[PDB]
Amino acid sequence: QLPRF
Amino acid sequence: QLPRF
Amino acid sequence: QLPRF
Amino acid sequence: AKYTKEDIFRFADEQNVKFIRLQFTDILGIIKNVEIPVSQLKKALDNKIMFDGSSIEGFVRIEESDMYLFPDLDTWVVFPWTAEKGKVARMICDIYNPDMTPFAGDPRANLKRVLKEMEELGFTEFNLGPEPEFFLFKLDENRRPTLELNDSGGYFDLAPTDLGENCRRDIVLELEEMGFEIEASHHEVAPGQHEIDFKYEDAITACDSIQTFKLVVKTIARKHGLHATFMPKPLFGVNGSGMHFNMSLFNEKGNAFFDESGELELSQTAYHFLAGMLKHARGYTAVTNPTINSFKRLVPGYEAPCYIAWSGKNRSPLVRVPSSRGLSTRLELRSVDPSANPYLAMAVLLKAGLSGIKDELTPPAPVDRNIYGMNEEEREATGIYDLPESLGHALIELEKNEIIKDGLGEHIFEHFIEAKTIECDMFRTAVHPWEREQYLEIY
Amino acid sequence: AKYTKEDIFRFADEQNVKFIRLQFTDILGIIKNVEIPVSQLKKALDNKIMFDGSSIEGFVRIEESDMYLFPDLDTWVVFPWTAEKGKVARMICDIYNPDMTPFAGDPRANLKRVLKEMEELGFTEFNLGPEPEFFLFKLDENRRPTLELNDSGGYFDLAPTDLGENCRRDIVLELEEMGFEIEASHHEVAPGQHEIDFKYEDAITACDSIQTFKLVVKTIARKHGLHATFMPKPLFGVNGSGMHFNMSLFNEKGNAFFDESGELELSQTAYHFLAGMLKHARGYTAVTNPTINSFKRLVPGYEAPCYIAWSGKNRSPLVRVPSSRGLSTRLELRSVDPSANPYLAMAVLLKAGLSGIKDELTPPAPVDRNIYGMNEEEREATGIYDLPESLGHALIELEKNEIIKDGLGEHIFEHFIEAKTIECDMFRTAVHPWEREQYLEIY
Ligand SMILES: NC(=O)CC[C@H](N)C(=O)O
Ligand SMILES: NC(=O)CC[C@H](N)C(=O)O
Ligand SMILES: [Mg+2]
Ligand SMILES: [Mg+2]
Ligand SMILES: [Mg+2]
Ligand SMILES: [Mg+2]
């Protein structure tokens, strides 16, 4: 879902 | 006027 | 126009 | 009148001072000053010193303008770190036009004008207590600040301890020696973050104390090989620095915000002030948070305010009402950061509160349901609104609001807008290492 | 039909390939691939390979979804840098649902759907010629990119010269060997910036060639100890990198944009396409410029477009009409950057042009008076409008426009917005060294 953060 | 720039 | 300056 | 001319001359003679720093504050909040020998002191007390007023405009100055340097006698302070070759003293000065009229572009004169308006409406004084927070960083070999904090402390923790160091203790001791009314001092949530609280004084005196406190803290931190910074958010993922303002309005009888027979023991004047403060918060957010780094602090999860709401007990409300009552009744605004100009912030806040009182606006109901629980859409249905997310949006909100413009004055408003737009343009076109780390290899 | 299954088997047998990279492009534009041995090639040609389609969604993927890997026979290319232990070949593949239906979230399938709509309206093909520009940086000791450019060249200058190096010459030679139609190659305005031009092919073929060109250029630059980057603006104060698109629309007769009897030798179809492209430019600016760094390129003074206007000869227009006519009549869009996904950009541009043709919109008069001369207010009176200044504003414009949503599809639109809003938030809350060098000692 959100591994960028 | 613009020392910052 | 002026990339020298 | 605490001091007279003769008192100042006697002090200069007895303490053996040879230098006087006639200081003032520009639009951007930087402390500036003209330095004169003691032999000129008499002339300084005659309001005959001329200087370039355009410096008040900051870097956006264009034309040189001559202006007078009316000093304030009550602000006479002698610095202790002056060795023996003559001491150094300062007095905060007012800026006057050559036609013997106070300069409209001076933040202190603008605050005095707003206070005059408040007194015209019927009140006596506007007491303020600030809660500034600062970070301490270790210096490098070349006496340059680094990114390493002085200690890994905690909230109200006894982290610095005894046995040397404890820069907070030395700072508060020298502030007490210099003649500062310090209420308390403690360690903040972030490591290396410290807070020192003041006593409640008048608006002008509180702002002067804020400026002097910044100067003294920076000097003392530099003395012990440290860098004291008041940047709202020096580091990412860590708590920011705030300058919560506890304001109270007084009249002839006493505190105007206190009423034993009112709801929450608050007078109708306090509710009108709350309504005015909340209505125009989107307007003066730019003035209270004038830097780009400021809006990096206004993010959820670090106790900084993010929504326009008031409460008596909530996780990061925009306006908080402390439980203390009586003569200590006050309203706390938490969106202010140490980078803001105290005079401009006080002027705009007083203008908003005065407008709310004059219009007799009804404040919205307080929120205590953890507004962070819902999404933006689920809370936009009620009166909860978001603060501006960037300095550009805050500047737009300033350019829309008229009451804040009236409270700032045309000169200050125009120069502040020009400087902040230049700052925003400079930041927007820059290329940061974040962008390279995110796209240089991927694309 | 350029190749058949038997041709592919014969090629695999004769060139002795042992690895096949079935590749595709996700929403963010990153080239992804599944690697299979040559022994599975037959199965690959039977459209029986299963993989996880959620990877197309990028990092915002949640649930694993099985999807087929329909390959394209005409995209068979054998890589030359494979040593002797078996060669490596690739084929761009289409993504299909398990119910034998093309996946709506695949950019290539979306482009095919838009092309089907265009063919339904009456046209035959959409020829495109891209003009990608890239920067070359020197690697460090640890094979990491540095900030030092490979040469201090100039616009169309003979800077790399002969006698070794000249990475542009080696790149174009290997591209010609691999089977690429290269028109020309030259040095760009910025030092270390180079441009290579392609021949005009179909939309899908042009996008595939763009992806292969990026991959090959990066690999060859890494071969010679260099880093080739397609970042829109790697450095401040220097010219950015663009991917100008020269598009032409064809019908049964020939070029639909050419009319000897029309004004400027342009058909009414060309004018309708211009009107559609200009009307929705604020809408698809987000798709054509998806990275945060992209809007650092869209600043005045570096020949990048900044205003929604078209001209035949002007300093940085949004849409430019080249002087060539006949079968070479085309419209050039200059706002596209190499970081954009070619399929999504072509889909949205085709949708905008098709909507303009269907609505028969009248384009605004061309501007040739150096719009940069006036201020924003002096040009906002006319039809000149500003492009979005940040990714967030572009995302808002996307969320408002409906035709671009229809051209992207619901799946792609939702996932694109999600990923880009995350990118905005991450960048917004970060603390950059710019702030720690502008407000550190100051505040
Ligand atoms: N404990 C606290 O209230 C600290 C709040 C935080 N330091 C701020 O600047 O807002
Ligand atoms: N000479 C040119 O037109 C170069 C344009 C510039 N490199 C851009 O990216 O838009
Ligand atoms: Mg605190
Ligand atoms: Mg507080
Ligand atoms: Mg070019
Ligand atoms: Mg071009």
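(A) Region of interest: the site of ligand 2. Residues and elements named next belong to chain E. As a matter of local geometry, ligand 2 sits amid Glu-133, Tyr-155, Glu-188, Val-189, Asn-239, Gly-240, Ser-241, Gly-242, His-244, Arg-297 and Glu-303. The backbone of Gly-240 places a nitrogen or oxygen atom 3.0 Å from a nitrogen atom of ligand 2. In the shell around ligand 2, the residues fall into two nonpolar, five polar and four charged.

(B) Layout of the sheet that holds strand β5 (residues 77-78) of chain E. Residue and element names in this part refer to chain E. Ordered in space as β2-β1-β6-β5, the four strands form an open sheet in which the pairing is mixed. Edge positions in the sheet fall to β2 (31-37) and β5, since each of these pairs with one other strand and no more. Alignment of β5 against strand β6 (residues 87-92), held across two bridges, turns out to be antiparallel. The partner of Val-78 across the bridge, within β6, is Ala-89.

(C) A look at the interface of chain D and chain E. Between chain D and chain E, the contact holds 40 residues from the first and 40 residues from the second. Here chain D meets chain E over a buried area of about 3,900 Å², counting both sides, of which 63% is carbon and sulfur. Connecting chain D to chain E are four salt bridges. Residue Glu-435 of chain E pairs with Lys-296 of chain D through a salt bridge whose shortest N-O separation is 3.3 Å. At the boundary of chain D and chain E, one finds 26 residue pairs in polar contact. Taken together, the elements giving at least two residues each to the side of chain D that touches chain E come down to β8 (145-149), β11 (226-229), α8 (292-297), α13 (410-428) and α14 (433-439) of chain D. Of the residues belonging to the side of chain D that touches chain E, the class tally is 21 nonpolar, nine polar and ten charged.

(D) Quick peek at the UniProt feature "binding site: Mg(2+) 2" (unreviewed entry) in chain D. Residues and elements named next belong to chain D. UniProt feature "binding site: Mg(2+) 2" (unreviewed entry): in the numbering of this structure it lies at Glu-133, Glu-188 and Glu-195. Separation in sequence by 63 residues is not matched in space for these annotated residues, since their most distant C-alpha atoms are only 7.7 Å apart. In this fold, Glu-133 is placed in strand β7 (residues 125-139). Setting aside chain neighbours within four positions, we find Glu-133 in contact with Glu-188, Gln-193, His-194, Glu-195, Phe-230, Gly-240, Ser-241, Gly-242, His-244 and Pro-338. Relative to the helices and strands, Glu-195 resides in strand β10 (residues 193-198). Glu-195 sits in the buried class, given a relative accessible area of 5%.

(E) Region of interest: the relation of the copies chain D and chain E. Rotating chain D by 180° about the axis while translating it 0.0 Å along that axis superimposes it on chain E, leaving an RMSD of 0.1 Å. Such a combination of rotation and displacement between the chain copies is what one expects of a two-fold axis. Among all residues of chain D, the minimum C-alpha distance to the rotation axis is found for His-432 of chain D, at 3.3 Å. Counting the interface residues of chain D, we find that 100% of their copies in chain E are interface residues as well, pointing to one common contact surface.

(F) Representation of the coordination of the magnesium ion (ligand 5). Residue and element names in this part refer to chain E. At this site the magnesium ion (ligand 5) is bound by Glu-133 (OE), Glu-188 (OE) and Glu-195 (OE), with donor distances of 2.1 to 2.8 Å. Within one chain, the residues serving as donors to the magnesium ion (ligand 5) are arranged as E-x54-E-x6-E. In this structure, the magnesium ion (ligand 5) lies 5.1 Å from the magnesium ion (ligand 6). On the criterion of sequence distance, the pair formed by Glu-133 in strand β7 (residues 125-139) and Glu-188 in the loop between β9 (182-187) and β10 (193-198) is long-range, its members being 55 residues apart. Residue classification places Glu-188 among the buried residues on the basis of a relative accessible area of 9%.

(G) Inspection of the sheet that holds strand β5 (residues 77-78) of chain D at higher detail. Read across the sheet, four strands follow the order β2-β1-β6-β5 (chain D) without closing on themselves; strand pairing throughout is mixed. Both edges of this open sheet fall to β2 (31-37) and β5 of chain D, since each of them pairs with a single strand only.

(H) A look at the packing of aromatic side chains. A full pass over the atoms with the stated rule returns 34 aromatic pairs over all chains. When the centroid spacing of 6.0 Å and the interplanar angle of 50° are considered together, the rings of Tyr-439 of chain D and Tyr-443 of chain D count as tilted. Its relative accessible area of 2% is what places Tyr-439 of chain D among the buried residues. An aromatic cluster is built from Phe-134, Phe-180, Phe-198, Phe-213 and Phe-230 of chain D, whose rings are joined through pairwise contacts. One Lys or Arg, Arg-10 of chain D, reaches over the ring of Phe-11 of chain D and ends 5.4 Å from the middle of that ring. Directly above the aromatic system of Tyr-200 of chain E lies the positively charged group of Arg-330 of chain E, at a separation of 3.7 Å from the ring centroid.

(I) Representation of the packing of helix α5 (residues 203-223) of chain E against helix α9 (residues 342-359) of chain E. All names here are of chain E. For the pair α5 and α9, interaxial distance at closest approach is 9 Å and the crossing angle is 150°. With respect to α9, the axis of α5 lies roughly antiparallel. In terms of crossing hand, the pair formed by α5 and α9 is right-handed. Mapping the contact onto sequence places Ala-203, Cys-207, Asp-208, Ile-210 and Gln-211 in α5 and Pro-342, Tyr-343 and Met-346 in α9. Classifying every residue of the contact of α5 with α9 by side-chain character gives six nonpolar, one polar and one charged.

(J) Examining unusual backbone geometry more closely. Here the phi dihedral of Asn-166 of chain D falls at roughly 55°; this positive angle occurs in a residue that is not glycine. Secondary-structure assignment places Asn-166 of chain D in the loop between β8 and α4 (167-178).

(K) Here's a closer look at the arrangement of the chains. Once contacts are tallied for each of the six pairs of chains in contact, the highest total is for chains D and E. Separating chain A from chain B is a minimum C-alpha gap of 33 Å, and the two share no contact.

(L) Examining the pattern of salt bridges more closely. Taken as a whole and judged by the stated rule, the model has 44 salt bridges over all chains. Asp-46 of chain D is the salt-bridge partner of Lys-5 of chain D, the closest N and O atoms lying 4.0 Å from each other. With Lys-5 of chain D in helix α1 (residues 5-15) and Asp-46 of chain D in the loop between α2 (41-45) and β3 (50-52), the pair connects residues that are 41 residues apart, well separated along the chain. The partly exposed category is assigned to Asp-46 of chain D, whose relative accessible area is 28%. With its nearest N and O atoms 3.0 Å apart, the salt bridge here joins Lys-112 of chain E to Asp-94 of chain E. Here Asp-94 of chain E lies in the loop between β6 and α3 (107-121) and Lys-112 of chain E lies in helix α3, a separation of 18 residues in the sequence. When its relative accessible area of 29% is taken as the criterion, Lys-112 of chain E is described as partly exposed.

(M) Spotlight on the pairing of strand β11 (residues 226-229) of chain E. Residue and element names in this part refer to chain E. Residues of β11 alternate between two faces, with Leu-226 and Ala-228 on one and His-227 and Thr-229 on the opposite face, all of them buried. Across four bridges, the pairing between β7 and β11 is antiparallel. Residue pairing in the sheet places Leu-136 in a bridge with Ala-228 of β11.

What counts and how
- Residues numbered from 1 in each chain as written, not as in the entry; some residues may be left out.
- Chains lettered and ligands numbered in written order.
- Part of a larger assembly, values for the part shown.
- Heavy atoms only, no water.
- Residues with missing side-chain atoms left out of burial classes, pairs and counts.
- Near = heavy atom within 4 Å.
- Polar contact = N/O pair within 3.5 Å; in protein donor to acceptor, adjacent residues only side chain to side chain.
- Nonpolar A, V, L, I, M, F, W, Y, C, P; charged D, E, K, R; others polar.
- Pairing = 2+ DSSP bridges.
- Helix = DSSP H or I, 4+ residues; strand = E, 2+ residues; numbered from the N terminus.
- Contact = heavy atoms within 4.5 Å.
- Buried area = accessible area lost by both parts, 1.4 Å probe.
- Salt bridge = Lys/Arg side-chain N within 4 Å of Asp/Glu carboxyl O.
- UniProt positions renumbered as here; feature names shortened; annotations may be inferred.
- Buried < 20%, exposed > 50% of the residue type's maximum accessible area, 1.4 Å probe, protein only.
- Least-squares fit on C-alpha atoms.
- Donors = N, O, S within 2.8 Å, 3.2 Å for Na, K, Ca; no water.
- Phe/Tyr/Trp six-rings, centres within 6.5 Å; stacked < 30°, edge-to-face > 60°.
- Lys NZ or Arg CZ within 6 Å of the ring centre and 35° of its normal.
- Axes fitted to C-alpha atoms, helices over the stretch in contact; angles between N-to-C directions.
- Parallel < 35°, antiparallel > 145°, perpendicular 65-115°, else oblique.
- Left-handed = near helix turned anticlockwise from the far one by under 90°.

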